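Written out below as structure tokens is the structure these notes cover.
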There are 2 protein chains.
Amino acid sequence: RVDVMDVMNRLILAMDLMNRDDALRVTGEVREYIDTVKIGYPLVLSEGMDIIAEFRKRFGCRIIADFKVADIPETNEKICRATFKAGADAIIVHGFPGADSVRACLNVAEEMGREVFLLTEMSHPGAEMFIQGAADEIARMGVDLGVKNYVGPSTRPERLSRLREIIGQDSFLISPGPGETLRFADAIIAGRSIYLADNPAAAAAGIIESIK
Amino acid sequence: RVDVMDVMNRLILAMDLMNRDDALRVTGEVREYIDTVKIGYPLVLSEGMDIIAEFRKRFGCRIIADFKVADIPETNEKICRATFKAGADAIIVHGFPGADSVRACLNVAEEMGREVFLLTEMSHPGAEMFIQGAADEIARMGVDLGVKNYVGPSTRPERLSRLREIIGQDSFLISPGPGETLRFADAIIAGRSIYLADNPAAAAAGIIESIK
């Protein structure tokens, strides 16, 4: 679909390393295979928000800030603004704080010409307590607000088809990575499988092969 | 209670200004009235995590990192570690992601001799959708895990009393600020009331007078 982001090879790198030298090194080597890198707070809090612009300049990649924004609207607005001012192309936001908190992010994204991803669900064991039960309603909330981009877990293929049902065929959906997953998700996210490999470029190339 | 923190004058400054000069200027003036400052992402993402150490050194204050940590356990551990390495005395973490995500933070706090505050509820309109309904269970989850410190909303006195009932009289509870709030909360948090005042030192002094 034309109005949603084009992710090279349908593979996003989750660059979760906390030191700038390793992150830059492991990443530089895969820019041939990947054009979209997800960075989170472990790296940005350790090395500074300036690292976002550094990735974009050195690699020419799109940056998704995996900040799991989860505050009141006024604070959400400020987080999104600081993050986009630092150069992030997109930001991942929690839905559990409700519609006004999500809308706060959408407002800034619209102003600055950037993207908001709604995190609908999580796959770690504790997700069962509150998150799993809210996931469908969170997804519908996003749809009802015109959210275009979503993050969903891949540890359950039947969970992905359900999400895809809710958000429709036009929405952009990313999930952890893979053959089954991409029946539903537009792109898969790879972290350790790549950044802890001796030849990250090789590890990336491999995944992409299985993707064809 | 001896095993939980002493907050000077029962008043925490929420330093939500995003500019380092303004933040430092407003804060210095109230160090006489407050010894505990809450810093969030708007300031730290704008100015760098080094600002935490700067507050502690310039004012000798305790810093609570209002980062509303809400990720998977492995990522929570790293966020907490980076935050405590930067000098934060405490960190605020969401309970909605479940027990393992909270425990991840507790582990690092234990290791490094710092504190975790469990955010049990929020008071913005969107909180009604998912957070309000989870609040009591989140509070009980914290108690069951030995969490000592809690953040609760003050827009409803009767909500504070319920929280206090769950966490018991020994736990430390902080809430927005005021007279009846302190019947339940150990300390109140003041933000704009202070930092957007012509005489912050005055605005602070006044609040403390009401606290008697």
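Both backbone and side-chain heavy atoms feed into the values below; hydrogens, waters and symmetry mates do not. In what follows, chains carry the letters A, B, and so on, assigned in the order in which the sequence lines appear, proteins first and then strands, with residues in each chain numbered from 1.
Atom CG in A:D16 sits 8.5 Å away from atom CD in B:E74 (nearest 0.5 Å). The line from CD1 of B:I131 to CZ of A:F130 is 11.0 Å long, rounded to the nearest 0.5 Å.
For B:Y150, there are no ring-ring contact (aromatic ring centres under 6.0 Å, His included) partners two or more places apart in sequence or in a different chain. By the ring-ring contact (aromatic ring centres under 6.0 Å, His included) test, A:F117 is found to be paired with no residue, residues two or more places apart in sequence or in another chain being considered.
Looking at B:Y41 and A:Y41, their side chains come closer than 4.5 Å, going by heavy atoms from C-beta outward. B:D71 has its side chain out of reach of A:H124: every pair of non-hydrogen atoms, C-beta onward, lies at least 4.5 Å apart.
Heavy-atom distances place both the backbone and the side chain of B:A134 under 4.5 Å from chain A. B:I138 touches chain A through backbone and side chain together, each having a heavy atom under 4.5 Å away. Using a 4.5 Å cut-off between heavy atoms, A:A70 contacts chain B through both its backbone and its side chain.
Inspection of non-hydrogen atoms places A:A82, A:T83, A:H94, A:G95, A:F96, A:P97, A:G98 of residues 80-98 of chain A under 4.5 Å from chain B. Within residues 171-180 of chain A, no residue has any heavy atom under 4.5 Å from a heavy atom of chain B.
Chain A forms more heavy-atom pairs under 4.5 Å with one residue of B:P42, B:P73, B:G40 than with any other, namely B:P42. Between chain B and the residues A:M141, A:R192, A:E128, the most heavy-atom pairs under 4.5 angstrom are made by A:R192. Here A:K68 is the residue among A:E77, A:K68, A:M49 with the most heavy-atom pairs under 4.5 Å with chain B.
A:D100 approaches B:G126 most closely through the heavy-atom pair OD2-N, 2.9 Å.
Surrounding CG of A:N199 are more than 12 heavy atoms belonging to other residues, nucleotides or ligands, all under 6.0 Å away. The environment of CD in B:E110 is sparse: at most 12 heavy-atom neighbours from other residues, nucleotides or ligands sit within 6.0 Å.
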